[PDB]
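Visitor: my sequence and its experimental structure, below.
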Number of protein chains: 4
Amino acid sequence: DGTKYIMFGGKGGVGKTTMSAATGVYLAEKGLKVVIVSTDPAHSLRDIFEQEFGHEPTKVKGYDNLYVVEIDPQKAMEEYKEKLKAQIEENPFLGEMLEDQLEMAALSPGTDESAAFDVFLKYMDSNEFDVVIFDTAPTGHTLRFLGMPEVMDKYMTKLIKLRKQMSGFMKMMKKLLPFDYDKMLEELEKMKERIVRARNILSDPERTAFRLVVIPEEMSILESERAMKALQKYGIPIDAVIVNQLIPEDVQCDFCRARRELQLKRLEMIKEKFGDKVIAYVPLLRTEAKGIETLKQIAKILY
Amino acid sequence: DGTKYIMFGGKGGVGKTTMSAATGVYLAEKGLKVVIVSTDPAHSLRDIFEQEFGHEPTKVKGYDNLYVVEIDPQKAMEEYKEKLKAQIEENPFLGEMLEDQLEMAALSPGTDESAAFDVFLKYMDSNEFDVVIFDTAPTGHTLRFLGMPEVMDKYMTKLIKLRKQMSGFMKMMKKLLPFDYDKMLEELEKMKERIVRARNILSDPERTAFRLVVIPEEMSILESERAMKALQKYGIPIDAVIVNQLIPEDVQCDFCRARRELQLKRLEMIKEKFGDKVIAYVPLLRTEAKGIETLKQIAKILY
Amino acid sequence: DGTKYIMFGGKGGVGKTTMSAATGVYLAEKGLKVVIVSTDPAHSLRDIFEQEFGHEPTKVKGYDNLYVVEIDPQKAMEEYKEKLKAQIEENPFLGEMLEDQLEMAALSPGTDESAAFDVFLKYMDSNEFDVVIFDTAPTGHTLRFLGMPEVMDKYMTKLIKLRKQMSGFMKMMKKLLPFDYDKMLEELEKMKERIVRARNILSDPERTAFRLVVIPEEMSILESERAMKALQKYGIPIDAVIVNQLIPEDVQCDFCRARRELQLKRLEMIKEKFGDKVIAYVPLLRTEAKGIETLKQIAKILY
Amino acid sequence: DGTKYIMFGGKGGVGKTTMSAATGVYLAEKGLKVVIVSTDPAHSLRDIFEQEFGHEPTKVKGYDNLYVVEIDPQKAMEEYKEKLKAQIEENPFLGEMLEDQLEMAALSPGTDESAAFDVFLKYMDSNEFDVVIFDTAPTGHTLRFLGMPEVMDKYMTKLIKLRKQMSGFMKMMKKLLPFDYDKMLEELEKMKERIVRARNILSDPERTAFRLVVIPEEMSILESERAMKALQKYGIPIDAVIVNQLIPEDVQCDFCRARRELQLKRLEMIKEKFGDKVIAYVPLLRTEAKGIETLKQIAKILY
Ligand SMILES: Nc1ncnc2c1ncn2[C@@H]1O[C@H](COP(=O)(O)OP(=O)(O)O)[C@@H](O)[C@H]1O
Ligand SMILES: Nc1ncnc2c1ncn2[C@@H]1O[C@H](COP(=O)(O)OP(=O)(O)O)[C@@H](O)[C@H]1O
Ligand SMILES: Nc1ncnc2c1ncn2[C@@H]1O[C@H](COP(=O)(O)OP(=O)(O)O)[C@@H](O)[C@H]1O
Ligand SMILES: Nc1ncnc2c1ncn2[C@@H]1O[C@H](COP(=O)(O)OP(=O)(O)O)[C@@H](O)[C@H]1O
Ligand SMILES: [Mg+2]
Ligand SMILES: [Mg+2]
Ligand SMILES: [Mg+2]
Ligand SMILES: [Mg+2]
Ligand SMILES: [Zn+2]
Ligand SMILES: [Zn+2]
């Protein structure tokens, strides 16, 4: 088996980023070559491991086999601006215009999320990593493109018809009046296949493990439940739910007691909705979840 | 004064969505007509107010003046597919092709974030709402487009030169051989102005209040600090920081005591970094922050 | 009445060019401001008047009011290459490319005949000349474009439908994702009108006199007859036929006698086919038809 | 040797069409398979051979090996309109539009001359004919496109540069933003080669004989001299000049004597200017040059 994919998702700020770091560590404990890929422009991972990372995979300190890759459209952008600037030298006018268009792209809202997309696909076709752990929160909408290939197929057929009708007209035009679709079709197909390979790898349990992270709070439970549902529609298996920031059993003050009782209610809720799934529990730490120490500790708690 | 804009941002899951709902309620308490606009595909607000919302503003129950708008590119999409399907009737072939292209857009990653962008601009040019509260997390990168206008200006000038050189050539082509830019420039300018109006309204304190939400945890404090900085570079004023999920003073078990001590450290950190700003504090509730009751309560606590 | 148009056509080498020059002279005899416009790249007129002419109207020597304009796509071309070269200076790369495309146009076969077309239309919309005499041989096919307006009309309507269907689609494209026909329709209409004004002026006897030149030879008679027919289909009136190079009555040698007899047969043919039209006869000169002397003489013979 | 090309040019109405028909006959006399190709929309050849011809080669009556092809853009057009109308059936809207655009082409002035061009090229790449005789008057300007290949080369190189700079940018946009020249270059090259093969065949004496036809009149002599010069600049050899419509030596009336004296002057002129070339003389017939009889007679006179 070439490469295995784990990915963590769930509501905002529940430990997606924390669990993926801890899983990275644990899987690195067994000798395995693991990369964690992060779309946080927040660059959460920096704050966790207490180390700088880049758009090119970096070894986490202490580990030869743990890497983190943080997608930064802007950096790779500027690198490319400097590079293209050399090519354009024959033509400053075209060159400055292309520079401008580039920048304009870079600043437009969609484009940051689609840098992420391109990276995602590059790592879905990749080898050289035993395990790739996607930190970036998938959802029904984030993965909505897996439905793309079918539409792409329809559209491609319409294009094919169109190409045939044009080719008849154009030839006559050239003959009578002196003096494209292949390219468009090629691109469409290339992408269609990339996405199809991806959808097959994610929809296959052997290769990819999707994991949901929740808090004992109605909100996280409900979001992550809906998520489970959309994903269930794509074919993506969810092997596990991880409850996190559980208040531990030894609590005394009226406060902790109260919040813990509420948490137990929500744990009945979780056990109800996701109960058909493996559920792991993680407690709320006295310390913040920060060091590689507390990380190894968390990983141990998960296993 | 026509319309006022409040917007909350800060790390993932710190209470952006919660504070904006509570501010919505409080501002509605004083008779005021307030809309909360949400880019969460999570649809958090549904879970908070315990009510369904749509891409068209909906009254929160019990309130004539409180509305929630949830941007859903997909819904407005399908509405439009059904609509366009009627226009295309003369030409199924072109019609089906346009349908396809549409769907392909919809599924592409960027496009979801730019639906949000379009709505944002529509509400920036809008009246009819006394207060518009943006729930969607702005950051340096989410607002990076406010720098667009200037690049747009450069590019527009290059386009103007180009138009003049083409018109000389084209005229000659037409006479010598039988047998665009105005449109492009018009669009560019239209958008440039929209964004400039927006940048002026957000950079103006009288009109827009930007608010940061943090947890006493090194991570949220650091993110929201960087955010503060990027925003400070656009000219966007940050009038207030709201610390949230503060463990209250009455705590007994060793656990709460420990976490509270840590929080107090981080409160010295917040007081340090944002201290030049107004800081409001909110406690961690025994109950989940859910009902309109606990919402009015939170609002009261904020004021 | 603003401007009057005479035009001569008929087989190759029958005196189109000769009769137009003589008509130019005669009409200039009565004080009248007359321009002869010539598409011969042969530049026949130079050889007739024994003088150089250019793409800008030139006074024939001895006459303030007689001008000749010889359309030379190539000259006006080079003039324009030199001019455009100054505009492109900011961008040599775009500039040299445009230069190349221009030259490529210039050398392509159609383009020489359409330079003629453009001039023709410029003089059809013109004032400042009492009489414009087109030397260039019209025929059914040379004037076939007068039927253009109607097709242009159909096509325009299809374009209008198309524009409406696009505007519905493009409009959503922009909102969903960031970030022509008016121009095409404007051009189409501009030309359609130009051609319609033209067809109305030529189809009008008061304004334009179409004249056919023949030799007493089966060939010229047949060509010019077919010409008469196509033209009759456009609504173009043919006011006169001019038989030319008639062998005079005083002839002696068996040779002249023979050819003259043949000519008289063909004159019965002409009188038969065109008889419903005014027919003028011109004899075959002992001298070549060259000088302004023989020209005034010919004109006198015509009137 | 595959195919040989003869082509006759000279002033309007000097016997281009007559000499080419006579050469056709003579070459067919020796068993040889000869086609005459005519761009006259006049359809002169019909009048000569007294027979109908079409855009597909037709045997001249009495001859298996003598064909005439008359290029008629309009006929081949209508044939094609009827054909395309069947293909478009799935889409009337696109179909009618294409029909319209076609007609518009057909009526446009250039397009008739370029139909001729296309045919010319088809017969330059052709076999199946021992001898192809081009009736259509070449000149410096009619053949001016033979200079096209070099400009085509320059432009192609600019295109190549452009293609490389686009491919860098395009790849980057696809990757950053979800989600032609090959075709243009292919066409350019295809045509460039076609024209180069042509220019090599015409510039080669072994394969192609260019022949100039004149009248003993200053005009024809001057035109055909300039023609000789432009052609000499393309590398096209002119093997022969044919003086035509020479008044014979037996003449009596003062008239014939006069015109003949003038002709002898112009014959000194021809002998002067073209004297370095083979010159054949043809007399002015008592009969019109019409029947296949007088044609065989003329051919005998040429040989
Ligand atoms: N068990 C835990 N005890 C204490 N803090 C935790 C625990 N799990 C997560 N956290 C903290 O919650 C915050 C956000 O979680 P995180 O996974 O980083 O966000 P996201 O899921 O939005 O990337 C971090 O400060 C993290 O250290
Ligand atoms: N003062 C509080 N006490 C208890 N829970 C809170 C408090 N403030 C926020 N929360 C809870 O934190 C979770 C996420 O915060 P939220 O603002 O709702 O998300 P986002 O910030 O991404 O829109 C929710 O489950 C919410 O109820
Ligand atoms: N009456 C005439 N006597 C002798 N030659 C004539 C007469 N009329 C015309 N020609 C000659 O016929 C030849 C070509 O005719 P022309 O009409 O000038 O060419 P085109 O019609 O193609 O421009 C010239 O030599 C011209 O001078
Ligand atoms: N030797 C000749 N004697 C008499 N008439 C001739 C002679 N040669 C050509 N002609 C006549 O000249 C006229 C036109 O010549 P043609 O070659 O058809 O025109 P083009 O050269 O413009 O195609 C015809 O009437 C033709 O019969
Ligand atoms: Mg995260
Ligand atoms: Mg939220
Ligand atoms: Mg002429
Ligand atoms: Mg001819
Ligand atoms: Zn406690
Ligand atoms: Zn005589």
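Guide: Structure's in. What do you need? Numbers count the residues shown, from 1 in each chain, chains lettered A, B, ... in the order given. Ligands and ions are numbered 1, 2, ... in the order given.
Visitor: burial of the residue nearest to residue A:106 when sequence neighbours are not counted, as a residue count?
Guide: Using C-beta to C-beta, 6 or more residues apart in numbering or on different chains and skipping the chain neighbours, the partner closest in space to residue A:106 is residue A:77 (5.0 Å). In this view, the C-beta of every residue, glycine as well, is placed from N, C-alpha and C. The number of residues packed near residue A:77 is 20, by other C-beta atoms under 10 Å in any protein chain shown.
Visitor: wait, residue A:77 sits on residue A:107?
Guide: No. At 9.9 Å, residue A:77 does not count as touching residue A:107 under the criterion of C-beta atoms under 8 Å.
Visitor: quick one: the strands in the stretch 1-150 of chain A, in order.
Guide: Taking DSSP state E, counting those that start in this stretch, the strands of the stretch 1-150 of chain A run over residues A:4-10, A:34-38, A:58-59, A:66-70, A:131-134.
Visitor: now render these as TSV, adding distance to ligand 8.
Guide: Shown next, in TSV, are these (distance: least, C-beta to the ion, whole Å):
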stretch	distance to ligand 8
strand A:4-10	78
strand A:34-38	77
strand A:58-59	82
strand A:66-70	77
strand A:131-134	78
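Visitor: most tightly packed of those strands?
Guide: The highest mean neighbour count among those, using mean count of other C-beta atoms under 10 Å in any protein chain shown, belongs to strand A:34-38: a mean of 26.
Visitor: neighbouring contacts of it?
Guide: For strand A:34-38, the surrounding residues in contact (C-beta atoms under 8 Å, 6 or more residues apart in numbering or on different chains) are A:17, A:20-21, A:24, A:27-28, A:44-45, A:53, A:57, A:65-71, A:119-120, A:123, A:129-136.
Visitor: give me the angle between the top strand by length along chain A and strand A:4-10.
Guide: As assigned by DSSP state E, the longest strand anywhere in chain A is strand A:238-246. Using axes from the mean of the first three to the mean of the last three C-alpha atoms, to 10 degrees, the inter-axis angle of strand A:238-246 relative to strand A:4-10 is 50 degrees.
Visitor: how about strand A:238-246 and ligand 2, any contact?
Guide: No. Contact of strand A:238-246 with ligand 2 (C-beta under 6 Å from any ligand atom) is absent, the minimum separation being 10.3 Å.
Visitor: cool, stretch A:27-44 as well?
Guide: No. Residues of stretch A:27-44 contacting ligand 2 under C-beta under 6 Å from any ligand atom: none, with a closest distance of 12.5 Å.
Visitor: distance between the ends of that stretch?
Guide: 20 Å (C-alpha to C-alpha, to the nearest Å).
Visitor: may I see the buried residues of that stretch?
Guide: Neighbour-count burial for stretch A:27-44, with 16 or more other C-beta atoms under 10 Å in any protein chain shown as criterion, is recorded at A:27-29, A:33-44.
Visitor: most widely separated two among the residues you listed?
Guide: A:29 and A:41 (29.3 Å; C-beta to C-beta).
Visitor: quick one, what contacts the residue in chain A that ligand 9 sits nearest to?
Guide: Ligand 9 sits closest to residue A:256 of chain A, with a gap of 3.0 Å, by C-beta to the ion. Taking C-beta under 8 Å, 6+ apart, we find residue A:256 in contact with A:247, B:251, B:252, B:253, B:255, B:256.
Visitor: surely the fifth one touches residue A:255?
Guide: No. Here residue B:255 lies out of contact with residue A:255, judged by C-beta under 8 Å, at a distance of 9.9 Å.
Visitor: my guess is residue A:282 contacts residue A:240. True?
Guide: No. Contact between residue A:282 and residue A:240 fails when scored by C-beta under 8 Å: they sit 11.9 Å apart.
Visitor: redo the contacts of residue A:256 as a markdown table? Include secondary structure.
Guide: Shown next, in a markdown table, are those (DSSP: H, G, I helix; E, B strand; the rest coil):
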| residue | secondary structure |
| --- | --- |
| A:247 | coil |
| B:251 | coil |
| B:252 | coil |
| B:253 | coil |
| B:255 | helix |
| B:256 | helix |
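Visitor: what residues does chain A put near ligand 2?
Guide: Taking C-beta under 6 Å from any ligand atom as the contact definition, chain A meets ligand 2 at A:12, A:217, A:219, A:220.
Visitor: distance of the spatially closest residue to residue A:237 that is not a sequence neighbour from residue C:64?
Guide: Sequence neighbours aside, residue A:205 is the residue nearest to residue A:237 in space, at 4.7 Å (criterion: C-beta to C-beta, 6+ apart). Residue A:205 sits 98 Å away from residue C:64, taking C-beta to C-beta, to the nearest Å as the criterion.
Visitor: now swap in residue A:238 and tell me
Guide: From residue A:238 across to residue C:64, the span is 97 Å (C-beta to C-beta).
Visitor: looking at those two, which is more packed in?
Guide: Ranked by neighbour count (other C-beta under 10 Å), residue A:238 and residue C:64 place residue A:238 first, with 21 against 10.
Visitor: where does the closest residue to that one other than its chain neighbours land in three-state SS?
Guide: Nearest residue to residue A:238 in three dimensions, chain neighbours excluded: residue A:210, at 4.8 Å (C-beta to C-beta, 6+ apart). Residue A:210 carries the three-state label strand when classified by three-state DSSP.
Visitor: count of neighbours near residue A:47?
Guide: 18.
Visitor: which SSE is the nearest residue to it once chain neighbours are set aside in?
Guide: Leaving aside its chain neighbours, residue A:47 sits nearest to residue B:219 (5.2 Å; criterion: C-beta to C-beta, 6+ apart). According to DSSP states H and E, residue B:219 maps onto helix B:218-234.
Visitor: anything in that helix near ligand 5?
Guide: No. Interface with ligand 5: helix B:218-234 contributes nothing (C-beta under 5 Å from the ion), its closest point being 9.8 Å away.
Visitor: would you mark the buried spots in that helix?
Guide: Residues B:219, B:220, B:221, B:222, B:223, B:224, B:225, B:227, B:228, B:230, B:231, B:234 are the ones in helix B:218-234 that count as buried (16+ other C-beta under 10 Å).
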